[PDB]
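Following: one structure in structure tokens, then a few remarks.
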Amino acid sequence: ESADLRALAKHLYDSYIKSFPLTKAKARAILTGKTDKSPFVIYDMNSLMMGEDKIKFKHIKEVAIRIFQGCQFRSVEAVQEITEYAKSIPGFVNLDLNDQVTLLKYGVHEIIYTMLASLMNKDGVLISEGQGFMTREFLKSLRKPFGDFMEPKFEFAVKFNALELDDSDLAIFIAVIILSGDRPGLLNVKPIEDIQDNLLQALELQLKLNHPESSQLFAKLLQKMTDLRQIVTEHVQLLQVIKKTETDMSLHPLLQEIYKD
Amino acid sequence: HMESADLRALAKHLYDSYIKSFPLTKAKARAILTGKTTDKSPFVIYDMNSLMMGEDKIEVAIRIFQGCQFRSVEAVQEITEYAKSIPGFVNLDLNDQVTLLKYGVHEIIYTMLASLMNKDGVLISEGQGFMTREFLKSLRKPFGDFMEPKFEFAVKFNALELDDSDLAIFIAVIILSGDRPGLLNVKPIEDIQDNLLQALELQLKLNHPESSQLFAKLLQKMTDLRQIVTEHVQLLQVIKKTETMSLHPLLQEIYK
Ligand SMILES: O=C(O)c1cccc(COc2cc(C(=O)O)ccc2-c2nn(C(=O)c3c(Cl)cccc3C(F)(F)F)c3ccc(Cl)cc23)c1
Ligand SMILES: O=C(O)c1cccc(COc2cc(C(=O)O)ccc2-c2nn(C(=O)c3c(Cl)cccc3C(F)(F)F)c3ccc(Cl)cc23)c1
């Protein structure tokens, strides 16, 4: 059966590469400097202004709001990328349609956070498919509640990146998150746990072979699902406070529908 | 790291201490709950009158709260004594010992409270009593809905069918979490947990060989514990702003 898990691992790796614009391997080359050309750096107001005329941005008057909304609309794309990737997990599309929607609804936040770490180091985050790099200093120093909305993401990423996972590890881990049988309102939990039981076996085997000197990394990576749940819940508490205080965040109602999460 | 026979030695050490540290084992809890026993049989409290009769045998919502609290404090004492036997714990920096306990006792109390529960109620008074979920859930003000989440967790956790020899290692793994806030030396804590995790993995493989990926499923329960402990502390705060009950100093320090 071991070679079936390696086949599942490779299948997920291959699909992961097709689904997401910027892999972690490629992000690491950019971030470390062992890379091709150099990304545009946003480190203060003026450099943001020039970058807009340079790289494609996910936003479209105050600066902190625009950066916030850029994070949201980039998340809207990541949802579609994750949704396409989920369809390639063996067994997923045969699940009850309402269950597929439920798993995605409750999993995209944990996966976005997870994959955002691939694009971050302690000093900043890649944006616009790696062509830009926005610094932690600038993001953290944004006004009112936006500064303190950005910084928790880096604090998570820095801890998570200490596990030193590569894309072949992450392709299976992401699948494990999606196939969580404890999401509220699932109709048929059994086939979801059956699939997740397979992915877990594959994650375990992948980690033992790809990180043979990293003891109990499997266990440590599952413990990171504690950090993911925590931060997604406080994330939601943060969005509420922003929405109940900021009515200078007026968008066209159609855009508001699009990002309603 | 370890040879398999050292891990089995570690499992037995922890099971043995667990038995010495905790009054009411899960095996004894299941013997009382499932029944078929004329001697181990509990008095059942399901309403006000049976609560009045239970006092002679073995405000109402507050008195039950104080019953839960006094037992939690004893639980903290028992967990602390058990922690002292986990190899390496007492050799850790003294502030880290406090830190690990401060953040681990709530997750463990919840874990071990499940052992005393079924879907219909909870053992009390070292097993001599049994208070029903229905009665607890129906308490007034904020206390009814403070009781029910414990049952909601217990039913899910007990579906794993762990016995005490599994739980002894699981409890140790929780205590030795290197990701607790404010630890000074995470590495020695992680070396110990790597050993405890290796021991848990082997214990579950041998004691539940037909239960695939139980190790992973049990670790995913440490996620549920983090959420519920947080909701617990948030509920206690709201209750404190209406009820002037008071808390034991041991619990008082832990929640600061
Ligand atoms: O294009 C621009 O203008 C832009 C400007 C700033 C940052 C980014 C890149 O941001 C991301 C890229 C990717 C990616 O490419 O894989 C994924 C996520 C983010 C990102 N989501 N997020 C959130 O709050 C968030 C999260 Cl974590 C999860 C779910 C939903 C959201 C929300 F919808 F609410 F946003 C961030 C907060 C801080 C930072 Cl620093 C980054 C993110 C792009
Ligand atoms: O003596 C009576 O009258 C009595 C009547 C009902 C139940 C119990 C037994 O309860 C427990 C026994 C044991 C044990 O035996 O090891 C352990 C825990 C509880 C228990 N703690 N708790 C809490 O809110 C709590 C918790 Cl989880 C953790 C830390 C602090 C507290 C707090 F201090 F705030 F209470 C409960 C809530 C509901 C239920 Cl059902 C049980 C508990 C005794």
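The chains in the structure tokens are called A, B, ... from first to last as shown; in each chain the residues are counted from 1, and the ligands are counted from 1 in the order shown.
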Contact residues around range 106-108 of chain B with only C-alpha atoms at 12 Å, ignoring same-chain residues under 6 positions, as a PDB file with N, CA and C atoms, in the first residue's frame:
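Contents of part_36.pdb, freshly written:
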```
ATOM      1  N   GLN B  69     -16.062  23.822  40.909  1.00  0.00           N
ATOM      2  CA  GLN B  69     -14.826  24.552  41.135  1.00  0.00           C
ATOM      3  C   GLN B  69     -13.941  23.822  42.125  1.00  0.00           C
ATOM      4  N   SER B  72     -12.312  21.056  40.457  1.00  0.00           N
ATOM      5  CA  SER B  72     -11.272  21.513  39.538  1.00  0.00           C
ATOM      6  C   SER B  72      -9.976  21.828  40.271  1.00  0.00           C
ATOM      7  N   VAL B  73     -10.079  22.443  41.450  1.00  0.00           N
ATOM      8  CA  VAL B  73      -8.890  22.756  42.226  1.00  0.00           C
ATOM      9  C   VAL B  73      -8.201  21.481  42.677  1.00  0.00           C
ATOM     10  N   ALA B  75      -8.411  18.817  41.016  1.00  0.00           N
ATOM     11  CA  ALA B  75      -7.871  18.315  39.761  1.00  0.00           C
ATOM     12  C   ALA B  75      -6.520  18.959  39.450  1.00  0.00           C
ATOM     13  N   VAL B  76      -6.426  20.285  39.605  1.00  0.00           N
ATOM     14  CA  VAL B  76      -5.153  20.988  39.431  1.00  0.00           C
ATOM     15  C   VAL B  76      -4.079  20.399  40.336  1.00  0.00           C
ATOM     16  N   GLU B  78      -3.928  17.294  41.564  1.00  0.00           N
ATOM     17  CA  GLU B  78      -3.603  15.958  41.065  1.00  0.00           C
ATOM     18  C   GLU B  78      -2.780  16.012  39.787  1.00  0.00           C
ATOM     19  N   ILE B  79      -3.172  16.872  38.838  1.00  0.00           N
ATOM     20  CA  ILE B  79      -2.411  17.032  37.602  1.00  0.00           C
ATOM     21  C   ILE B  79      -0.995  17.491  37.907  1.00  0.00           C
ATOM     22  N   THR B  80      -0.849  18.416  38.860  1.00  0.00           N
ATOM     23  CA  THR B  80       0.473  18.919  39.221  1.00  0.00           C
ATOM     24  C   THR B  80       1.348  17.804  39.777  1.00  0.00           C
ATOM     25  N   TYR B  82       0.971  14.603  39.093  1.00  0.00           N
ATOM     26  CA  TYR B  82       1.286  13.722  37.979  1.00  0.00           C
ATOM     27  C   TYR B  82       2.396  14.308  37.121  1.00  0.00           C
ATOM     28  N   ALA B  83       2.334  15.623  36.866  1.00  0.00           N
ATOM     29  CA  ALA B  83       3.351  16.271  36.046  1.00  0.00           C
ATOM     30  C   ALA B  83       4.728  16.058  36.633  1.00  0.00           C
ATOM     31  N   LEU B 100       3.993  25.773  31.868  1.00  0.00           N
ATOM     32  CA  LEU B 100       3.397  24.592  31.260  1.00  0.00           C
ATOM     33  C   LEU B 100       2.132  24.187  31.990  1.00  0.00           C
ATOM     34  N   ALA B 114     -14.172  14.125  30.580  1.00  0.00           N
ATOM     35  CA  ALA B 114     -14.847  13.216  29.654  1.00  0.00           C
ATOM     36  C   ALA B 114     -14.924  11.797  30.215  1.00  0.00           C
ATOM     37  N   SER B 115     -13.846  11.329  30.856  1.00  0.00           N
ATOM     38  CA  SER B 115     -13.836   9.978  31.430  1.00  0.00           C
ATOM     39  C   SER B 115     -14.995   9.753  32.397  1.00  0.00           C
ATOM     40  N   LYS B 150     -19.177  21.168  28.186  1.00  0.00           N
ATOM     41  CA  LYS B 150     -18.338  20.076  28.669  1.00  0.00           C
ATOM     42  C   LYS B 150     -18.858  18.732  28.159  1.00  0.00           C
ATOM     43  N   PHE B 153     -18.166  18.323  24.323  1.00  0.00           N
ATOM     44  CA  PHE B 153     -16.830  17.801  24.073  1.00  0.00           C
ATOM     45  C   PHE B 153     -16.715  16.336  24.469  1.00  0.00           C
ATOM     46  N   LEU B 167      -4.553   7.479  27.911  1.00  0.00           N
ATOM     47  CA  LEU B 167      -4.736   8.848  28.392  1.00  0.00           C
ATOM     48  C   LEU B 167      -3.534   9.342  29.186  1.00  0.00           C
ATOM     49  N   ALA B 168      -2.888   8.452  29.938  1.00  0.00           N
ATOM     50  CA  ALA B 168      -1.717   8.826  30.711  1.00  0.00           C
ATOM     51  C   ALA B 168      -0.650   9.456  29.820  1.00  0.00           C
ATOM     52  N   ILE B 169      -0.470   8.923  28.608  1.00  0.00           N
ATOM     53  CA  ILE B 169       0.535   9.502  27.728  1.00  0.00           C
ATOM     54  C   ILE B 169       0.010  10.768  27.072  1.00  0.00           C
ATOM     55  N   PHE B 170      -1.246  10.749  26.632  1.00  0.00           N
ATOM     56  CA  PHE B 170      -1.869  11.915  26.010  1.00  0.00           C
ATOM     57  C   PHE B 170      -1.795  13.129  26.926  1.00  0.00           C
ATOM     58  N   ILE B 171      -2.117  12.935  28.210  1.00  0.00           N
ATOM     59  CA  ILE B 171      -2.076  14.010  29.199  1.00  0.00           C
ATOM     60  C   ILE B 171      -0.666  14.585  29.310  1.00  0.00           C
ATOM     61  N   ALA B 172       0.347  13.711  29.295  1.00  0.00           N
ATOM     62  CA  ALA B 172       1.730  14.150  29.372  1.00  0.00           C
ATOM     63  C   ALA B 172       2.089  14.984  28.159  1.00  0.00           C
ATOM     64  N   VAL B 173       1.708  14.519  26.965  1.00  0.00           N
ATOM     65  CA  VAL B 173       1.968  15.270  25.733  1.00  0.00           C
ATOM     66  C   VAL B 173       1.425  16.687  25.842  1.00  0.00           C
ATOM     67  N   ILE B 174       0.216  16.838  26.396  1.00  0.00           N
ATOM     68  CA  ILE B 174      -0.384  18.169  26.511  1.00  0.00           C
ATOM     69  C   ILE B 174       0.485  19.071  27.370  1.00  0.00           C
ATOM     70  N   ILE B 175       0.895  18.575  28.533  1.00  0.00           N
ATOM     71  CA  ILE B 175       1.661  19.403  29.457  1.00  0.00           C
ATOM     72  C   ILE B 175       2.931  19.902  28.790  1.00  0.00           C
ATOM     73  N   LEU B 176       3.634  19.016  28.092  1.00  0.00           N
ATOM     74  CA  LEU B 176       4.931  19.339  27.502  1.00  0.00           C
ATOM     75  C   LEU B 176       4.780  19.973  26.124  1.00  0.00           C
ATOM     76  N   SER B 177       3.945  21.000  26.022  1.00  0.00           N
ATOM     77  CA  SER B 177       3.792  21.740  24.777  1.00  0.00           C
ATOM     78  C   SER B 177       4.756  22.917  24.765  1.00  0.00           C
ATOM     79  N   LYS B 221      -7.707  16.273  18.348  1.00  0.00           N
ATOM     80  CA  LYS B 221      -8.495  16.648  19.514  1.00  0.00           C
ATOM     81  C   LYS B 221      -7.818  17.717  20.366  1.00  0.00           C
ATOM     82  N   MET B 222      -6.475  17.815  20.332  1.00  0.00           N
ATOM     83  CA  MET B 222      -5.824  18.927  21.025  1.00  0.00           C
ATOM     84  C   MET B 222      -6.206  20.267  20.424  1.00  0.00           C
ATOM     85  N   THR B 223      -6.691  20.271  19.187  1.00  0.00           N
ATOM     86  CA  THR B 223      -7.251  21.480  18.615  1.00  0.00           C
ATOM     87  C   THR B 223      -8.572  21.836  19.286  1.00  0.00           C
ATOM     88  N   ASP B 224      -9.477  20.866  19.419  1.00  0.00           N
ATOM     89  CA  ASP B 224     -10.745  21.154  20.087  1.00  0.00           C
ATOM     90  C   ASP B 224     -10.516  21.690  21.495  1.00  0.00           C
ATOM     91  N   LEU B 225      -9.500  21.171  22.189  1.00  0.00           N
ATOM     92  CA  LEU B 225      -9.278  21.561  23.574  1.00  0.00           C
ATOM     93  C   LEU B 225      -8.894  23.033  23.667  1.00  0.00           C
ATOM     94  N   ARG B 226      -8.068  23.515  22.742  1.00  0.00           N
ATOM     95  CA  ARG B 226      -7.681  24.922  22.762  1.00  0.00           C
ATOM     96  C   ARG B 226      -8.899  25.838  22.624  1.00  0.00           C
ATOM     97  N   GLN B 227      -9.780  25.554  21.650  1.00  0.00           N
ATOM     98  CA  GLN B 227     -10.981  26.370  21.467  1.00  0.00           C
ATOM     99  C   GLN B 227     -11.820  26.400  22.734  1.00  0.00           C
ATOM    100  N   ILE B 228     -12.088  25.220  23.292  1.00  0.00           N
ATOM    101  CA  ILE B 228     -13.055  25.120  24.376  1.00  0.00           C
ATOM    102  C   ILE B 228     -12.519  25.768  25.632  1.00  0.00           C
ATOM    103  N   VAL B 229     -11.211  25.643  25.881  1.00  0.00           N
ATOM    104  CA  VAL B 229     -10.643  26.330  27.032  1.00  0.00           C
ATOM    105  C   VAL B 229     -10.837  27.829  26.889  1.00  0.00           C
ATOM    106  N   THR B 230     -10.669  28.352  25.670  1.00  0.00           N
ATOM    107  CA  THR B 230     -10.829  29.789  25.460  1.00  0.00           C
ATOM    108  C   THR B 230     -12.269  30.205  25.705  1.00  0.00           C
ATOM    109  N   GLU B 231     -13.219  29.474  25.128  1.00  0.00           N
ATOM    110  CA  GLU B 231     -14.616  29.778  25.381  1.00  0.00           C
ATOM    111  C   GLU B 231     -14.946  29.644  26.860  1.00  0.00           C
ATOM    112  N   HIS B 232     -14.327  28.685  27.542  1.00  0.00           N
ATOM    113  CA  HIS B 232     -14.522  28.555  28.982  1.00  0.00           C
ATOM    114  C   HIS B 232     -14.142  29.831  29.731  1.00  0.00           C
ATOM    115  N   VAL B 233     -12.914  30.323  29.524  1.00  0.00           N
ATOM    116  CA  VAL B 233     -12.453  31.510  30.252  1.00  0.00           C
ATOM    117  C   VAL B 233     -13.328  32.718  29.934  1.00  0.00           C
ATOM    118  N   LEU B 251      -7.025  28.623  41.146  1.00  0.00           N
ATOM    119  CA  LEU B 251      -7.656  28.943  39.867  1.00  0.00           C
ATOM    120  C   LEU B 251      -7.505  30.420  39.538  1.00  0.00           C
ATOM    121  N   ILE B 254      -4.252  31.038  37.866  1.00  0.00           N
ATOM    122  CA  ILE B 254      -4.142  30.424  36.545  1.00  0.00           C
ATOM    123  C   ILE B 254      -4.796  31.280  35.463  1.00  0.00           C
ATOM    124  N   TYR B 255      -5.859  32.021  35.787  1.00  0.00           N
ATOM    125  CA  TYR B 255      -6.550  32.726  34.714  1.00  0.00           C
ATOM    126  C   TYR B 255      -6.013  34.132  34.466  1.00  0.00           C
TER     127      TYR B 255
END
```
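What chain B places within 7 Å of chain A, counting only C-alpha atoms, is residues 194, 213, 219, 220 and 223 of chain B.
One finds CA of residue 75 in chain A at 9.9 Å from atom 5 (C, counted along the ligand's line) of ligand 1.
Neighbouring residues of residue 128 in chain B at 8 Å or closer, counting only C-alpha atoms and skipping chain neighbours under 6 positions away, are residues 40, 41, 42, 43 and 58 of chain B.
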Any chance you could export the current selection's N, CA and C atoms as a JSON list (two decimals), in the first residue's frame?
```
[["chain", "number", "residue", "atom", "x", "y", "z"],
["B", 40, "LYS", "N", -21.27, -0.76, 43.09],
["B", 40, "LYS", "CA", -20.71, 0.48, 42.60],
["B", 40, "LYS", "C", -21.78, 1.42, 42.04],
["B", 41, "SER", "N", -22.99, 1.40, 42.57],
["B", 41, "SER", "CA", -24.12, 2.02, 41.86],
["B", 41, "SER", "C", -24.42, 3.42, 42.39],
["B", 42, "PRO", "N", -24.54, 4.44, 41.54],
["B", 42, "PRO", "CA", -24.66, 5.81, 42.04],
["B", 42, "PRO", "C", -26.08, 6.29, 42.30],
["B", 43, "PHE", "N", -26.17, 7.25, 43.24],
["B", 43, "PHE", "CA", -27.39, 8.04, 43.38],
["B", 43, "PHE", "C", -27.49, 9.03, 42.25],
["B", 58, "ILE", "N", -24.79, 11.01, 49.67],
["B", 58, "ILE", "CA", -23.41, 10.97, 49.19],
["B", 58, "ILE", "C", -22.58, 12.12, 49.78]]
```
So that I can check the surroundings of range 206-210 of chain A, please list as a list in words every protein, DNA and RNA residue that reaches within 9 Å of it, counting only C-alpha atoms and ignoring chain neighbours fewer than 6 positions away.
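Non-adjacent residues within range: residues 5, 6, 9, 165, 168, 169, 172, 216, 217 and 218 of chain A.
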Same residues, N, CA and C atoms, output as an mmCIF file, in the first residue's frame:
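The resulting file, part_38.cif, is reproduced below:
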```cif
data_model
loop_
_atom_site.group_PDB
_atom_site.id
_atom_site.type_symbol
_atom_site.label_atom_id
_atom_site.label_comp_id
_atom_site.auth_asym_id
_atom_site.auth_seq_id
_atom_site.Cartn_x
_atom_site.Cartn_y
_atom_site.Cartn_z
ATOM 1 N N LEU A 5 0.390 5.420 -1.513
ATOM 2 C CA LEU A 5 0.511 6.709 -0.843
ATOM 3 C C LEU A 5 1.489 7.620 -1.590
ATOM 4 N N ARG A 6 2.601 7.066 -2.074
ATOM 5 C CA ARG A 6 3.500 7.859 -2.899
ATOM 6 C C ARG A 6 2.809 8.327 -4.183
ATOM 7 N N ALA A 9 0.609 11.137 -3.116
ATOM 8 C CA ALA A 9 1.454 12.297 -2.854
ATOM 9 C C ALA A 9 1.836 12.997 -4.148
ATOM 10 N N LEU A 165 8.771 23.150 5.527
ATOM 11 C CA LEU A 165 8.029 22.312 4.604
ATOM 12 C C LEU A 165 8.282 22.764 3.171
ATOM 13 N N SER A 168 5.802 19.701 -1.848
ATOM 14 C CA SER A 168 5.256 18.352 -1.851
ATOM 15 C C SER A 168 4.689 17.997 -0.481
ATOM 16 N N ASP A 169 5.252 18.546 0.603
ATOM 17 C CA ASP A 169 4.623 18.374 1.915
ATOM 18 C C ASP A 169 3.302 19.132 1.983
ATOM 19 N N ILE A 172 -0.135 17.823 0.322
ATOM 20 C CA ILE A 172 -0.926 16.854 1.087
ATOM 21 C C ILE A 172 -1.553 17.505 2.323
ATOM 22 N N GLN A 216 9.179 13.242 14.525
ATOM 23 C CA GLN A 216 7.808 13.558 14.913
ATOM 24 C C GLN A 216 7.320 14.845 14.240
ATOM 25 N N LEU A 217 7.812 15.115 13.027
ATOM 26 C CA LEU A 217 7.374 16.302 12.304
ATOM 27 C C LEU A 217 5.898 16.198 11.956
ATOM 28 N N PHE A 218 5.458 14.996 11.589
ATOM 29 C CA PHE A 218 4.039 14.714 11.398
ATOM 30 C C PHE A 218 3.220 15.224 12.578
#
```
Compute the set of protein, DNA and RNA residues whose minimum atom distance to ligand 1 is at most 6 Å, using only C-alpha atoms and all ligand atoms, and state it as a PyMOL selection string.
chain A and resi 57-59+67+70-72+74-75+78+109+112-113+115-116+127-128+150+153
Create the file for the chosen residues now, containing C-alpha atoms and written as a compact mmCIF listing (two decimals), in the first residue's frame.
```
# COMPACT_ATOMS: atom_id res chain seq x y z
CA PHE A 57 -2.26 45.23 -7.70
CA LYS A 58 -5.29 43.47 -6.29
CA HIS A 59 -6.81 46.67 -4.98
CA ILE A 67 -3.94 47.69 1.37
CA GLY A 70 -5.98 44.33 -1.64
CA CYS A 71 -5.55 41.51 0.88
CA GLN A 72 -9.25 40.71 0.60
CA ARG A 74 -6.26 38.51 -3.33
CA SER A 75 -7.97 36.13 -0.92
CA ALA A 78 -6.98 32.22 -3.59
CA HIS A 109 -9.35 30.55 5.69
CA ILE A 112 -4.98 30.81 2.91
CA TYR A 113 -3.12 31.51 6.16
CA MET A 115 -0.08 29.21 2.05
CA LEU A 116 0.48 32.87 2.86
CA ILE A 127 2.64 40.01 -3.70
CA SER A 128 1.53 40.14 -7.34
CA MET A 150 -1.49 42.63 9.47
CA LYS A 153 -0.11 36.96 9.98
```
I need the residues in range 18-147 of chain A that are strand (DSSP E or B) according to DSSP; give them as a PyMOL selection string.
chain A and resi 40-42+120-121+124-127+132-135
Requested write-out: C-alpha atoms of the selected residues, as a short mmCIF file (atom, residue, chain, number, x, y, z; two decimals), in the first residue's frame:
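Dumped everything to part.cif:
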```
data_model
loop_
_atom_site.label_atom_id
_atom_site.label_comp_id
_atom_site.auth_asym_id
_atom_site.auth_seq_id
_atom_site.Cartn_x
_atom_site.Cartn_y
_atom_site.Cartn_z
CA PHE A 40 9.52 45.95 -6.49
CA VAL A 41 9.74 46.84 -2.79
CA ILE A 42 6.98 48.68 -0.93
CA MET A 120 6.41 35.49 3.84
CA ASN A 121 9.58 35.79 5.82
CA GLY A 124 7.84 40.96 4.45
CA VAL A 125 5.51 39.22 1.98
CA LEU A 126 5.61 38.60 -1.76
CA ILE A 127 2.64 40.01 -3.70
CA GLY A 132 6.36 42.82 -5.49
CA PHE A 133 7.55 42.62 -1.85
CA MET A 134 5.78 44.60 0.88
CA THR A 135 7.68 44.95 4.14
#
```
Taking a cut-off of 8 Å and counting only C-alpha atoms and all ligand atoms, can you build a table that, for each residue of chain B near ligand 2, reports the nearest atom pair and how far apart they are in Å (one decimal), sorted by chain then residue number, as JSON lines?
```
{"residue": "B:24", "atom": "CA", "partner": "ligand 2", "partner_atom_place_in_ligand_line": "15 (O)", "distance": 7.6}
{"residue": "B:63", "atom": "CA", "partner": "ligand 2", "partner_atom_place_in_ligand_line": "3 (O)", "distance": 6.7}
{"residue": "B:64", "atom": "CA", "partner": "ligand 2", "partner_atom_place_in_ligand_line": "3 (O)", "distance": 4.4}
{"residue": "B:65", "atom": "CA", "partner": "ligand 2", "partner_atom_place_in_ligand_line": "35 (F)", "distance": 5.9}
{"residue": "B:66", "atom": "CA", "partner": "ligand 2", "partner_atom_place_in_ligand_line": "35 (F)", "distance": 6.9}
{"residue": "B:67", "atom": "CA", "partner": "ligand 2", "partner_atom_place_in_ligand_line": "1 (O)", "distance": 3.2}
{"residue": "B:68", "atom": "CA", "partner": "ligand 2", "partner_atom_place_in_ligand_line": "10 (O)", "distance": 4.1}
{"residue": "B:69", "atom": "CA", "partner": "ligand 2", "partner_atom_place_in_ligand_line": "33 (F)", "distance": 3.5}
{"residue": "B:70", "atom": "CA", "partner": "ligand 2", "partner_atom_place_in_ligand_line": "33 (F)", "distance": 6.9}
{"residue": "B:71", "atom": "CA", "partner": "ligand 2", "partner_atom_place_in_ligand_line": "13 (C)", "distance": 5.2}
{"residue": "B:72", "atom": "CA", "partner": "ligand 2", "partner_atom_place_in_ligand_line": "18 (C)", "distance": 4.7}
{"residue": "B:73", "atom": "CA", "partner": "ligand 2", "partner_atom_place_in_ligand_line": "33 (F)", "distance": 7.2}
{"residue": "B:74", "atom": "CA", "partner": "ligand 2", "partner_atom_place_in_ligand_line": "16 (O)", "distance": 7.5}
{"residue": "B:75", "atom": "CA", "partner": "ligand 2", "partner_atom_place_in_ligand_line": "16 (O)", "distance": 5.3}
{"residue": "B:105", "atom": "CA", "partner": "ligand 2", "partner_atom_place_in_ligand_line": "29 (C)", "distance": 7.7}
{"residue": "B:106", "atom": "CA", "partner": "ligand 2", "partner_atom_place_in_ligand_line": "28 (C)", "distance": 5.2}
{"residue": "B:109", "atom": "CA", "partner": "ligand 2", "partner_atom_place_in_ligand_line": "17 (C)", "distance": 5.5}
{"residue": "B:110", "atom": "CA", "partner": "ligand 2", "partner_atom_place_in_ligand_line": "27 (Cl)", "distance": 5.3}
{"residue": "B:112", "atom": "CA", "partner": "ligand 2", "partner_atom_place_in_ligand_line": "16 (O)", "distance": 6.4}
{"residue": "B:113", "atom": "CA", "partner": "ligand 2", "partner_atom_place_in_ligand_line": "17 (C)", "distance": 5.1}
{"residue": "B:116", "atom": "CA", "partner": "ligand 2", "partner_atom_place_in_ligand_line": "15 (O)", "distance": 7.1}
{"residue": "B:121", "atom": "CA", "partner": "ligand 2", "partner_atom_place_in_ligand_line": "40 (Cl)", "distance": 7.4}
{"residue": "B:122", "atom": "CA", "partner": "ligand 2", "partner_atom_place_in_ligand_line": "40 (Cl)", "distance": 6.0}
{"residue": "B:123", "atom": "CA", "partner": "ligand 2", "partner_atom_place_in_ligand_line": "9 (C)", "distance": 6.8}
{"residue": "B:124", "atom": "CA", "partner": "ligand 2", "partner_atom_place_in_ligand_line": "43 (C)", "distance": 5.2}
{"residue": "B:125", "atom": "CA", "partner": "ligand 2", "partner_atom_place_in_ligand_line": "1 (O)", "distance": 6.5}
{"residue": "B:126", "atom": "CA", "partner": "ligand 2", "partner_atom_place_in_ligand_line": "15 (O)", "distance": 7.0}
{"residue": "B:131", "atom": "CA", "partner": "ligand 2", "partner_atom_place_in_ligand_line": "6 (C)", "distance": 6.3}
{"residue": "B:133", "atom": "CA", "partner": "ligand 2", "partner_atom_place_in_ligand_line": "40 (Cl)", "distance": 7.2}
{"residue": "B:136", "atom": "CA", "partner": "ligand 2", "partner_atom_place_in_ligand_line": "40 (Cl)", "distance": 6.9}
{"residue": "B:146", "atom": "CA", "partner": "ligand 2", "partner_atom_place_in_ligand_line": "37 (C)", "distance": 6.7}
{"residue": "B:147", "atom": "CA", "partner": "ligand 2", "partner_atom_place_in_ligand_line": "38 (C)", "distance": 4.2}
{"residue": "B:148", "atom": "CA", "partner": "ligand 2", "partner_atom_place_in_ligand_line": "38 (C)", "distance": 7.0}
{"residue": "B:149", "atom": "CA", "partner": "ligand 2", "partner_atom_place_in_ligand_line": "38 (C)", "distance": 7.9}
{"residue": "B:150", "atom": "CA", "partner": "ligand 2", "partner_atom_place_in_ligand_line": "38 (C)", "distance": 5.8}
{"residue": "B:151", "atom": "CA", "partner": "ligand 2", "partner_atom_place_in_ligand_line": "40 (Cl)", "distance": 6.9}
{"residue": "B:232", "atom": "CA", "partner": "ligand 2", "partner_atom_place_in_ligand_line": "24 (O)", "distance": 7.5}
{"residue": "B:236", "atom": "CA", "partner": "ligand 2", "partner_atom_place_in_ligand_line": "34 (F)", "distance": 6.7}
{"residue": "B:247", "atom": "CA", "partner": "ligand 2", "partner_atom_place_in_ligand_line": "33 (F)", "distance": 7.3}
{"residue": "B:251", "atom": "CA", "partner": "ligand 2", "partner_atom_place_in_ligand_line": "33 (F)", "distance": 6.9}
```
Return the single residue from A:258, A:232, A:192, A:239 that is closest to residue 107 in chain A, with distances computed using only C-alpha atoms.
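Comparing A:258, A:232, A:192, A:239 against residue 107 in chain A, the winner is A:232.
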Selection near residue 174 in chain A, 10 Å with only C-alpha atoms, sequence-local residues under 4 positions removed, as a list in words
residues 12, 16, 82, 85, 86, 107, 108, 110, 111, 112, 114, 115, 169, 170, 178, 179 and 199 of chain A
